[PDB]
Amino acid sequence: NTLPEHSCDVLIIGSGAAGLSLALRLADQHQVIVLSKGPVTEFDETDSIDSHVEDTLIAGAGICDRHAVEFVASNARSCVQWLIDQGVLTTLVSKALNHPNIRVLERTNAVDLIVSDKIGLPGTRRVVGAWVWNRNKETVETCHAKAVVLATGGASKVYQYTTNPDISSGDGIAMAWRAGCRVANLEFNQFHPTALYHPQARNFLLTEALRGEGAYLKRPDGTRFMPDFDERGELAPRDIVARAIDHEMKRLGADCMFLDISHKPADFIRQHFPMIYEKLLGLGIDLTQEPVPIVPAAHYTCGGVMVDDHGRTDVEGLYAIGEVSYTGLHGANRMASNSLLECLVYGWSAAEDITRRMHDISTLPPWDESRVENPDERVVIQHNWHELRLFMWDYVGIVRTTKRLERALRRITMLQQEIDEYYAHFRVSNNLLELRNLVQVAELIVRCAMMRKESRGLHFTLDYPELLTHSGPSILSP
């Protein structure tokens, strides 16, 4: 038991809108530490609320928790105005760096949460800090806190193609499960249908508006495949466009599909889509004369760690806000603008709850730091990382079936057994933490999907094309 290298009132793991809007709400009265994965820098009228709640329930396809929808819709206008009041008419980075009461630890990867009854401390089971890999010093340090907030994003990196990898590794979901938290709805993962497929894409995305402006969707032969799937063709609903692409990609053994607005005027392109035009030009693609290669990419996790109205998890002192959590706002899909309101509304209520509960104590046990060095086994850790991402794409991907899911499970179990057998106490590295957490989250994602015997929202399975009469969320318990 040693003195912890860092200590604060509130430890916030993650730095998007949720974790920085929380950090800024607490900073005038408390000492906040923000954990950043890389460099930290790189509703007016009543009828309207009512509509918002209704459109959310609709795009939730029947399993939203309406008290969580209503909680967010009725706290939305003030959480937005709070944005306007901060001068952030986008980011919160300069505001939090400007605050003397917020400290940002950059290049940090949380390893595991420190939970009292585990450090042979007594009292209610509760979280009292986290062990944190500092990639600058290359060591695991202790960080003691009175409340720890998970604000890390989703788990889309379990999938081969992902739109926002830096906020998608799943570390918060996995840490919260290892600490005893329930998770839910992890089979409801949104895929964007048309991301650039290219070696320097840098996750660029091709907008729906290319389609709203006439672009066609082509097979590698050059023919249009959408009329085989849906009468709206290229303007079918996004989930339907993703499913047709997934289908074709798998049916033909093709690497990608194509998006082409060539057939139509040029300056017509030039005026409407410069920012895309230029970007694609700079990769040697002319939006004016050729098809653009594209694949679907996992984009948003509608499920996650379970939380109540204050962003509290099942484990005292631990909160979880934004994409990393399951509030019951989304149900089986995601309506535009709700991910940002969930971030702002639960950062507000977790702030108020943390503030009214703030009892100090302690010093803590350091990390083990087994320092085992096997350069060749280290290269397998990376092989394992790609393998997980490819098989999830095939076996818990856009289109599912029961025999594909059993294939994912069997592979996730094999990796878990290899991890235990061959990596016990290897020295921490980012690749190793990411694998361990991607495999933990993939197990939760397939167990949720194998549980739901119906197609609803983002869960589409060929063995159960219909809705069940009685449904609800998928809930797992550690």
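All residue numbers refer to positions in the sequence shown, first residue = 1.
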Here the number of deposited-sequence residues unresolved in the coordinates between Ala254 and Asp255 is none
For the stretches 267 to 275 and 194 to 202, which has the higher mean C-alpha B-factor as given in the deposited record?
267 to 275
So, looking at the entry's B-factor column for Cα atoms, which has the higher mean, 23 to 31 or 436 to 444?
23 to 31
Between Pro365, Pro296, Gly322, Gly328, where does the Cα B-factor run highest in the record?
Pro365
Return the residue from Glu106, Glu342, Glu373, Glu406 that has the highest Cα B-factor in the entry.
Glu373
Taking the C-alpha B-factors as the PDB entry records them, is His425 in the lowest, middle or highest third of its chain?
highest
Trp133: CA B-factor among chain residues, third -> middle
Quick one: classify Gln416 as lowest, middle or highest third of the chain based on its Cα B-factor.
middle
Using only modelled residues of the chain, where does the Cα B factor of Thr41 rank: lowest third, middle third or highest third?
middle
Ordered by C-alpha B-factor within the chain, which third holds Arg243? Give me lowest, middle or highest, please.
lowest
